[PDB]
Structure formats: C-alpha cells, structure tokens
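Here the structure is laid out as structure tokens; the discussion comes afterwards.
In this analysis, Cβ positions are derived from the backbone assuming ideal geometry, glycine residues included, and neighbour counts consider all displayed protein chains. The values are calculated or read from the model by the stated rules, or taken from the named source; no laboratory instrument gave them.
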Amino acid sequence: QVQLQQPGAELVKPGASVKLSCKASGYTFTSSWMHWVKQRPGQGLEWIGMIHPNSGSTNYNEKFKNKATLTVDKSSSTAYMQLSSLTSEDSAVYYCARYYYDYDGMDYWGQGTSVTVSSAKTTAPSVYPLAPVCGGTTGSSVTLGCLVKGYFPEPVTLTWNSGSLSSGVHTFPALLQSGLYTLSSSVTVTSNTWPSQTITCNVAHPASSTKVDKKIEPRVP
Amino acid sequence: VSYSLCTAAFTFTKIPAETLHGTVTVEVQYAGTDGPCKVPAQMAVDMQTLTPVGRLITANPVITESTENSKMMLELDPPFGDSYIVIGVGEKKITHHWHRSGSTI
Amino acid sequence: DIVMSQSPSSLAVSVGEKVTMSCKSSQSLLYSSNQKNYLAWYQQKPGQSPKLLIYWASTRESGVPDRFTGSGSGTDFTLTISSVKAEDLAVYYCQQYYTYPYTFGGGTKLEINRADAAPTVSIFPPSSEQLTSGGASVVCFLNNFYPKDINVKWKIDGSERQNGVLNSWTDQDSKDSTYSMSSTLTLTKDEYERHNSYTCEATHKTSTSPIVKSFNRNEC
C-alpha cells in the first residue's frame, strides 16, 4: 500500500530555511516522479515541482526555482525539499505526492508537514482530562472531553483510544490566544463502556516531540 | 478529411535517430488494418502523467493504408535532457528513452 | 502558466441533490496528438490531504464511487455528484496537467444544507491536574446542531463573563452534516474558587430559550 511519511511540523524563523522529508513505501520509489505542493491555511493548492528519484532530474515551477531545492536519497527511499527565505505566507502545509494517472497504480498524497514561520519558541501542551460533573447520570451515554492547552506551533494530533474510538468524536480546531494554541475534543460513548473500560485521550505535538496518553477518570467529592 | 486516432498497436521499425539540429525521427509500423487514421505521438518526461514536452513536428501523421504493418515516419523536437518518445495510445503504447545534449541545437 | 477558473467558489446543496461544478482553462487541455484532456479533479475533506477523484477529465480513480462523474473537453469541464452524500463535504479542485507548471483552480467548497437541530450540551469543571498548576478552564460542548450560528454566554453566580472565553466550531460533520462548538472559559484558580455556580448558556435559532448546563463547585 502506498505510504508517504512526512514529519508533522517544522517551526522556522522568518527568513530562514527548512528541509522537509518524505519517506516512501509500498511502491517503487525510484520509478515514480515525486511532486511537492503547497497549501496555505484556508487557501488553495500550488504545485512546487517534481523530482525523478532514479535520475535526479527536476522540474520546478519558476515561482519556486530559487527558494526550493528538491533532492532524493534512493538508499532510504526518502525525498527532500529545502525551502529558503520563508515569508509569513510560507506558513503552510507542504505535501509530497506520488502523482499516478493510470489504471494500474494508486495516486497518493502524504499527510503534509505543517510549516509555521515564527520567531516564537516551541511550547509543549498541557493535556487535561475532562471527566463528567461530579456525580452520575440518568442517561445511557456519557460525554468525556480532553483539553489541550498552551502549545506552539500547530498542530497536535488527538485520538481517542489511539484511534480505535472514532465514532461520536468532535475535535475542535485550535485557537491562538496570547501566542499559544488551545484545542479540545469531546467523545460520547455508551454509559456502560466507561469507566469499566479505559478511555484515553492520546495527544502528540510533533514540534516538541511530545506524546501524552491521558486516561479519563471519574471525579470524586 | 479528419481521421480518427490509430488505436491498434505500433512497433518501432528501427532505433529513433537524431537529426543535425537535434530533433528525432521515429519510424514505426502499425498492426491495425483500420486505416486511414492518425498516429498518436508525443514526448513526455513522466510516463505516469504524459504531460507533453518538446514538440511534435509532424503534427498530422496519417496512416493511409489498410494493409497490416504499414510504416510511417514521425519527427519530434525533444526537450533538452532526458525524455521519452511515446507512440500510440492505451495499454500497447510504446516508449523510447531519449537524451538531448544542451549543445545540440 | 495556464489559468484555471472554478465556479461557483462555494455552493450549498442538500443530501441527495445532483451537484455540478465548473472548471474553465485559458487554453485547450485537449492534446490533439492523443485526443486526451489533461484535466484532473481532487477532493479535499476537512483536515485531510487532497485525494484524486478523476483524471483524463473523465476517468475515475480506483475506489471512487461512480456517483462522481467528470465531463467536458477543451477548455470547459464539469464535475458532477449524481446524489450528494454527507461524506462529500469537501473542497473540490480542478488541476490542469497539460503544461508544467501544473495549476489548480481556486476550488469549489461544497457545504450541506440539512434540517435545523438543537445542540446537546455538556459542561466540564477544571481538572484537578490543571488546578494544581494554578489555572482553571471550564469547558462547554454544544454538539450536533444546525445551522452554524450560535451565541454562547458564561454565567458565574448569575453574572455574564466574556473575558477569557474561546469559542471554536468544527467543520460540518461527515456523517450527519451538523456543527459542534466548544466554549472554554479560562480563569485563575483563585478566581475560580471565589464563585460557586458555573453555567454555559447558549442561544440557537431552534429556540429563543437558553440551552443550559450548569454545575456548582460545591457539590458532587
């Protein structure tokens, strides 16, 4: 199965450079051009260029020919893109993509690296469990929450039970306040699932290389 | 006098040849008996998208014959560097890797 | 560079509607040598990478349901969804690959009209963990409502408090097309411990009466 693994985040100073990576598996890396595409938050798509891993040949959008450099390492099936002189408009998600316009293979885009151009430092989040109000409930379902407070830059990845709990989840977009982001998520499960079964909010913050698994526990007087 | 595309299978009759100024001539033969039809031909760098590069110079190459294995000559203008000559359409299209030097103009 | 223009920039559609989106190019994408149209369509659902739907103007990517159809030739292209599903909430982009550099249209954002629905409300006092750190966030979830507009007030011992409140809406849900929103009131521990009653009160088009959940710091 085609997989293109990209790091979640890079924090970059204004005017500085960053090198992004894209590790390929599930198809012959050397025989497919690797494309790169930029997407600013809330905006459209811009094709940066492509590189052929077997030969090293490149084709760049002229807009990016000075500020981007594409390379590959065949021995590790990894494609790289260096971007230089980052502006505030270069805060964006950068995708690598195996373009495939034929019947016998799958087109596939990686998850993207979120590049934030800022002079601020990395701050890891605090992760707080949100258990229901102290007491009990007359319902058959219970809603639990997780609060991810005070981090920079975006993003965080939040799952419930490592992704095995996906139905009834609402994860709310992060909001910037006083230089730090806060995000929350709610999950609703049947009242007899929890707490006899563990419910854990799993939060990863790639920019700080931090990962927290926070169990939700019932409140006490 | 507009013909449909030749959709049967092509075969190179010899290796494509570079001309004085760096174009390439390509001789093919056509397995179909459904002529007259137009030979599909292009240059590409990416076989997974077929985005055209360079130029097709013989831009109306018509097979007039309906006998099998009839032969036709094409000329294309390759980009500098590496590319592929691509003749025909569909799963039986044929390709040939090509390299044009920057000095061959 | 080829200029790609999409219309409309956004469209509001109901589940089950046949939806048509347009894409125009500044020169023909039909390559006469192979009679192929060098036009692709991508779908981008909220928070996801783009996914290829259609290439060669009309060829579906493997695994894409046949409710998606690409049509057109030359400079004029359309993407049609024969009967829209809730899961089709997304921005749709066309992209020419006739020449380098590849260029994309500005996208059509597909939004879903659905029946009005009142939210289900939940409230969460500060965690013991956060209180030990000196902070106190109170969180209210207003889940699965429609339409998007909603007014949220925090009442502390009956008095409205707007300072320190962050309100965040989800995108439309991929299964039921509703919105949800979270409201977080952040106080200091000392400020939080000076009051007893904490109330999240929302007003939504479905009723002029307030949607309420409350707790008392006192009790269990």
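Quick notes
- The residue that is surrounded by the most Cβ atoms within 10 Å (Cβ to Cβ), among those in the stretch C:94-134 that are touching a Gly at 6+ places or on another chain (Cβ under 9 Å) and in the same structural domain as C:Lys205 (by CATH), is C:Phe124.
- Residue check: C:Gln172 meets all listed conditions (1) under 24 Å from C:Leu131 (Cα atoms); (2) part of a loop (DSSP other than H, G, I, E, B) but one, namely (1).
- Residue in the stretch B:17-31 that is of a type outside the set (A, V, I, L, M), more than 29 Å from A:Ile51 (Cβ to Cβ) and not in a strand (DSSP E or B) present: yes
- Breaking point among (1) of a type in the set (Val, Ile, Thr); (2) within 11 Å of another protein chain (Cβ to nearest Cβ); (3) in contact (Cβ under 8 Å) with a residue 40 or more places away in the chain, for C:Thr75: (2)
- Test: A:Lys121 is more than 9 Å from every other protein chain (Cβ to nearest Cβ), basic (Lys, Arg) and farther than 30 Å from B:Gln48 by Cα: yes
- Residue in the stretch C:1-58 that is nearest to the chain's Cα centre (by Cα), counting only those that are assigned to a loop (DSSP other than H, G, I, E, B), closer than 25 Å to B:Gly90 by Cβ and among the hydroxyl-bearing types (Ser, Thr, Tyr): C:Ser58
- Test: C:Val91 is more than 20 Å from A:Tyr103 (Cα to Cα), in contact with a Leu (Cβ under 8 Å, 6 or more places away or on another chain) and assigned by CATH to the domain that holds C:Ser10: yes
- Qualifying residue in the stretch A:93-112 (condition: of a type in the set (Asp, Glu) and over 19 Å from A:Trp36 (Cα atoms)): yes
- Considering the stretch C:113-146, and only residues there that are more than 13 Å from chain A (Cβ to nearest Cβ) and outside any loop (DSSP other than H, G, I, E, B), the residue that is farthest from A:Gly168 (Cα to Cα) turns out to be C:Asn113.
- The residue that is nearest to A:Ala131 (Cα to Cα), among those in the stretch A:141-191 that are in contact (Cβ under 8 Å) with a residue 40 or more places away in the chain and in a loop (DSSP other than H, G, I, E, B), is A:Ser191.
- Filtered residue count, the stretch A:149-193, keeping only those that are under 17 Å from C:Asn167 (Cα atoms) and either of a type outside the set (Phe, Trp, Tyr) or not assigned by CATH to the domain that holds A:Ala204 (or both): 17
- Residue count for the stretch A:69-107, restricted to those that are closer than 19 Å to A:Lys23 by Cβ and in a strand (DSSP E or B): 17
- The set of residues in the stretch C:147-205 being touching a residue at least 60 places away in the same chain (Cβ under 8 Å), aromatic (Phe, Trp, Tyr) and within 13 Å of chain A (Cβ to nearest Cβ) consists of C:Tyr198 alone.
- Across the stretch A:4-31, the number of residues qualifying as closer than 23 Å to A:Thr210 by Cα and surrounded by fewer than 13 Cβ atoms within 10 Å (Cβ to Cβ) comes to 2.
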